[PDB]
Amino acid sequence: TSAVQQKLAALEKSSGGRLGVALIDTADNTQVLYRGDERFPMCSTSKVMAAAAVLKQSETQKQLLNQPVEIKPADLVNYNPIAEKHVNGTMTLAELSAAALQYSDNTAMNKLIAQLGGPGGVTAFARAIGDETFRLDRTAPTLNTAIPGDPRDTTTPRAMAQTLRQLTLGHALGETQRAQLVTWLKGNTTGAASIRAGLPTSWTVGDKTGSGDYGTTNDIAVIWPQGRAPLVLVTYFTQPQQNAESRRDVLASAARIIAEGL
Ligand SMILES: [K+]
């Protein structure tokens with residue numbers, strides 16, 4: 001047990017929930033893990049994998065991101081701030097990717113999933129890029145039920161950090177596509193209370209949040225510290241009762257501990 005792990009354990013003890021953390025520091029290609037091999041519900045952090053899979057498809061179809069997708073009234077689900085403006089109209093796969101990532105639009109996510117042939121298409125892409133842990137089993141919003149012990153729509157912090165590094169900093173995607181994914185993540189609207197809140201202001205962050213039942217509060221980020229090589233950081237948090245409140249502050253505190261421990 002390292003000093004950073006001891007701090008994270010103390011944070012977890014006082015939070016009342018279960019915390020999972022994985023850091024990869026690309027300066028030295030080392031990792032720091034807390035419950036790194038335990039499974040957690042991804043919730044909407046899974047949208048990164050779906051968007052990335054569509055970006056991969058776009059490497060062999062120049063026009064794919066411009067392809068229109070029909071949005072029908074029946075397509076709207078529980079949280080659709082972008083798609084609802086386009087009902088009885090269309091959105092392109094680029095628009096759907098941006099809406100899913102930057103606004104966490106669930107209708108947009110479902111269109112990405114459908115473009116990949118269902119949740120198992122997202123899992124297939126994960127396997128193709130070397131992630132044997134990730135699984136997507138359901139569409140939105142049911143992928144966010146986050147029931148303790150349920151393997152559906154889960155990954156581990158270790159696996160997710162490794163994948164997010166490959167996607168954003170490594171060569172899982174082509175150069176154009178990697179840059180597009182990074183642009184999207186950096187433009188996220190939903191992240192300032194989560195990992196971002198625990199880091200010095202000068203550091204730049206691209207991230208995707210998630211949340212679900214059981215007070216599940218997640219964030220996965222690529223971080224460009226001031227004067228340091230990039231980091232990838234996953235923070236997952238889930239609680240024992242179905243109706244628990246979100247705890248984005250716990251993610252911020254985990255990020256703060258990680259930053260202080262570099
Ligand atoms: K909740």
# chains A, B, ... in the order shown; residues from 1 in each chain; ligands from 1
>>> residues_near_ligand(ligand="ligand 1", cutoff="7 Å", atoms="only C-alpha atoms and all ligand atoms", output="ChimeraX atom specification")
/A:211-216,243-246
>>> residues_around(residues="residue 49 in chain A", least_positions_apart="3", cutoff="9 Å", atoms="only C-alpha atoms", output="PyMOL selection string")
chain A and resi 45-46+52-54+122-123+125-126+163-164+167
>>> closest_residue(among="A:229, A:36, A:107, A:199", to="residue 257 in chain A", atoms="only C-alpha atoms")
A:199
>>> select_by_dssp(residues="range 89-137 of chain A", states="alpha helix (DSSP H)", output="PyMOL selection string")
chain A and resi 93-103+106-115+119-128
>>> closest_residue(among="A:26, A:168, A:15, A:66", to="residue 92 in chain A", atoms="only C-alpha atoms")
A:66
>>> closest_atom_pairs(of="range 93-178 of chain A", to="range 27-35 of chain A", cutoff="10 Å", atoms="only C-alpha atoms", output="CSV")
residue,atom,partner,partner_atom,distance
A:156,CA,A:35,CA,8.3
A:157,CA,A:35,CA,7.5
A:158,CA,A:33,CA,7.0
A:161,CA,A:31,CA,9.0
A:162,CA,A:31,CA,9.3
>>> residues_around(residues="range 189-193 of chain A", least_positions_apart="5", cutoff="7 Å", atoms="only C-alpha atoms", output="VMD selection string")
chain A and resid 102 to 103 207 to 209 248 to 249 252
>>> closest_residue(among="A:111, A:165, A:47, A:135", to="residue 22 in chain A", atoms="only C-alpha atoms")
A:165
>>> closest_residue(among="A:59, A:132, A:153, A:95", to="residue 172 in chain A", atoms="only C-alpha atoms")
A:59
>>> select_by_dssp(residues="range 8-179 of chain A", states="strand (DSSP E)", output="ChimeraX atom specification")
/A:18-25,30-34,40-41,68-71,89-92,154-155
>>> closest_residue(among="A:99, A:160, A:205, A:9", to="residue 130 in chain A", atoms="only C-alpha atoms")
A:160
